[PDB]
Every structure is written in C-alpha cells, then in structure tokens.
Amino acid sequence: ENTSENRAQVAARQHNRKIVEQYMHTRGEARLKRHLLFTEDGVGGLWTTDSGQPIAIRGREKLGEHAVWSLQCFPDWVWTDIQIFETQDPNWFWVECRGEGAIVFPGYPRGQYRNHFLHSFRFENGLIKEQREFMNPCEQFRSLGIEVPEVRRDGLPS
C-alpha cells in the first residue's frame, strides 16, 4: 500500500543504499574521508580476527584516524564482485563481495591479499552507525606468509 509511512521507509532504504554503494566504491585517497559517512559515534572494524574478538574502531574521528593506517597497509585495495542486500529493516544492509590488493604489514613481508567478505551496515539518520567486516582470517594469514593451521575432517563423507 502506497502510504506516507511505506513511502518514508522506501526513501530511507534508497538513501542508505546509495551510501553503501559509495562506501564500497571508495578507493585511494578518498578513503581518508570515508569516515564522513558515519554518525559521530559510529563504529566500524573487523569482526573476524585470529583472537576471536572484534577490533572495533569507535567514533567518526577515530575512524578517520584509522583510515591513515588502512591506506598505508592496504595501499591499492579494491572491493570487487559487490552484491548489496537490502533487508526488511530499511536501516540494515548486508554486502557480499571480494577484495584484493597489496598487504603491507610491518613485521611481515609485503604480500598480495585476496579474500571473500561479508559486510554489515546499520544506519541511523542516513549515516552509518555500525559497519562490520567478516572474512576468513586464514586467507590473511596466507598473504602474510603465516602457516595456516589445518583441520582434518576424518570420515567426512564424500
């Protein structure tokens, strides 16, 4: 039904989608201003780590400061194969994508990193309140020359 309230939900979803698109296409020195897409208290970061705990970057300013490090350590990064999923919540989206680029972490050799990613984006007032990255840390270990632990699944049917 075409009511003011359904219309408002559609408008919000449409706006938020454009910000997801923008986020996912932000490259190069533009990454130094990606933080401006977030609420002042917005959070971003990596939810799949070797320690099992997220690394959460809290606050728009902290995200901007973080961008300096990310641009250093992933100097040519691009997201590819981007699929945006709207949800029943006009303020929540998921993205499935791939990503590739050099990885330049001090203490490791320079390497090439490729992974499969899921990102979660939650909005408030048309800015991102929470972004979260989910990936397979093992592919990052590979890129850094770190030996990947192996699980044997004996008896797993074929």
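Heads up, when I say rigid core I mean the largest set of C-alphas that superpose within 1.5 Å between the two forms. Numbering starts at 1 and runs along the sequence shown.
(message) Stretch 140-148 versus stretch 6-14: after rigid core alignment, which one is farther off in C-alpha RMS in 9 other deposited structures of this protein?
(response) Once the cores are fitted, 6-14 deviates more in 9 other deposited structures of this protein.
(message) Please compare 51-59 with 127-135 and name the stretch with the higher mean C-alpha B-factor in the deposited structure.
(response) The stretch with the larger average C-alpha B-factor is 51-59.
(request) For the higher mean C-alpha B factor in the entry, choose 143-151 or 17-25. (result) If you average the C-alpha B-factors of 143-151 and of 17-25, the larger mean comes out for 143-151.
(request) Could you tell me which third, lowest, middle or highest, the C-alpha B-factor of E40 occupies within its chain? (result) Highest third.
(message) By the recorded C-alpha temperature factor, relative to the other modelled residues in its chain, which third is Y108 in?
(response) Within its chain, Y108 is a highest-third residue by C-alpha B-factor, going by the deposited values.
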